[PDB]
């Protein structure tokens, strides 16, 4: 059974086919690829674009999406095995996935880390549990990686440069400020797809404490070796932005501080100058800027950068709809 858990699990040819089908759907939005079919969209965290784009995508392809929010409308779910369920959780994923598998044709799941222990969050227990117990394809709607974002992002870049071949472009994945410590998912994914695409990638962040999990630094290293791009870590803003073709920002909490955020607060707070502004974007080679959204203006990026013609964030957001339809069609 094929699932869409990570682009890293798919061959380059398969990913190219997806992006091309995405472009095709963007030109002809209505179809019958999901006629009479359905997808269960399970959300354990907030969402506006993911929920909306999947729901509409199912509709446009003749199917129907059922939105569920365990703990809100649906019952809270247990993922640990062999435990005595006498706590808050009402039922086990074993039953949940099998039941939904008797109803829908696809299952999407969004589940951010709990931020108490990275050793546990990095295991990707929720997504893996769904893939294990579900008799139907599972789609990652963002857990510790965000593959749907990767493809929406990739497509937006290919459209902007007018070519599927991004090899040679200088890509800067930069950490940016946010009052709270957030998920590394988007950064992990950006690093993954940018290298898989063969670009010259620089991970820019305040300190070594903000370097991404080794798993992704390794995926990237492997992708570079296979695509022909390059990877490097930098803590210097001016040199990183220098001559960049693409700048993608996202804020995330330092991994070593999971379960202990009080001390990383004063740290991130002394780096709010990492905000993407006009000055930094001026150091780029007329590069484009993007963000996965939601974005806090004048914190993560200034109003000027957001409203600049070089910002393609709205296009990337739109592409979530198109690439996801390509994914659902491929899995059904």
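Numbering follows the first chain given and starts at 1.
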Once you work out the mean C-alpha B-factor for both 42 to 50 and 261 to 269 from the entry, which is higher?
261 to 269
Per the PDB record, is the mean Cα temperature factor higher over 321 to 329 or over 1 to 9?
1 to 9
Selection by C-alpha B-factor (highest) of 243, 135, 113, 108
243
Per the PDB entry, which option out of 231, 190, 139, 100 has the greatest Cα B factor?
231
Chain-relative CA temperature factor third for residue 170
highest
Within this chain, which third does the Cα B-factor at residue 69 fall in: lowest, middle or highest?
lowest
Could you look up the Cα B-factor of residue 93 in the entry and say which third of the chain it sits in: lowest, middle or highest?
lowest
Ranking the modelled residues of this chain by C-alpha B-factor as given in the entry, is residue 37 in the lowest, middle or highest third?
lowest
Check where residue 201 lands among this chain's C-alpha B-factors and tell me if it's the lowest, middle or highest third.
middle
